[PDB]
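Encoded as structure tokens, the following chain is the form deposited in one PDB entry, with no partner shown.
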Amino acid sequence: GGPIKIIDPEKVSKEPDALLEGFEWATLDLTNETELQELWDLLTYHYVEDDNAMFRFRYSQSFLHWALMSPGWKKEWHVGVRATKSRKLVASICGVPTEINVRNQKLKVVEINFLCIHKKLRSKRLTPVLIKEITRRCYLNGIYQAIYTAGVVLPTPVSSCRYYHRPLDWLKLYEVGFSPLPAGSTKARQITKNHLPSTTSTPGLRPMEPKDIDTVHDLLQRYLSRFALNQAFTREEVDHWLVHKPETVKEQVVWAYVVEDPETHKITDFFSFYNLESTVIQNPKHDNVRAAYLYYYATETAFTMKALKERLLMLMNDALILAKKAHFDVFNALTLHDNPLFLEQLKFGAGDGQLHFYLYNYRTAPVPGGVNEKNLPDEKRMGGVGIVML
């Protein structure tokens, strides 16, 4: 496929459209602590909830810094709406630039994320106005395509992936209302079921060091080449998205571990996961759930069997152990990548959550999301989604 429409830079308006009475546009400068705080204060209380919520995403200020100021970031693409009188931030839509591969065609796109409207300004119909504005600010910088992720079904989706959840602290998930008691079982037997070993198994497993950047960049891109829709990682993107800088970063957000074969001594494997907290609304016992999310990963055994199934089962179980020691409660993953190989065997529970992938101004054939028609993981429905959006 290809682009749907060609944009004339000559017809892109210098000024933005009109907003609701009493509200004005604002470019967020996330280099300043006050403005980063303002966005955090908005999202913590007004961002993605579940239906019964219960739960709401608590993206940390260290996460927001990490997700919105990646290589090539422009402040223009951190769009906010302020109340004219009070100066309070009441809405947001954000974007960062990246390259994605859509069926071998390379594309300049913006990753659209953190769409948020204050609860008091709900519909209203403010979303299309927020979409049009960040679209205009992209059009002025020479970006006419977008990739975005949404848990709601919208016009013409590219793919659909189901959420999966591995309990590291089952009692915690049970007490907050996330994990049920199925069916004629006790609490203790569910905890005994989710018991993990204390030590990692994979030979030569260690945290990723900045020396591993070039080698991880090559391995990851060769692995992502196996997917129809994937992120064309640059060296700086590998550095930013995959190596934690504790200098610098006081509240760790990303985790990366590598192997590091005892004989090569070239690296043959790597996996990663990030820190995204969720607030429990009706507190009682707990008020916070710490969740780890499977990020990017690769392995040399893929380029062959199915020994890839065997290898990922060892690596991802190791990732669960390392997540537990890092005090995470649940390990989240989607049916994207080669995940339908290890998910069910490693005691990941089928989730109610569904994540849909979309493209703006780019027509392409439907891409498999790792699930069959029953929404169950399928080995034959992989090789599609190779991009993880935060």
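If you superpose the two forms and keep the largest set of C-alpha atoms that fall within 1.5 Å, you have the rigid core. A residue's number is simply how far along the shown sequence it sits, counting from 1.
Just so it is clear, the following notes concern the form deposited in another entry, a form of the same protein that is not shown.
Colleague: Please name the single residue among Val48, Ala350, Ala26, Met69 whose Cα shifts by at least 2 Å between the shown form and the other one after core superposition.
Modeller: Flagged residue: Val48.
Colleague: Hey, the CA atoms of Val110 and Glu49 end up closer or farther in the other entry than in the shown form, with the change being 3 Å or more?
Modeller: Closer in the other entry, by 3 Å or more.
Colleague: Quick one: with a 3 Å or larger change, is the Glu49 to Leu154 CA distance smaller or larger in the other entry? Answer closer or farther.
Modeller: Nearer in the other entry, by 3 Å or more.
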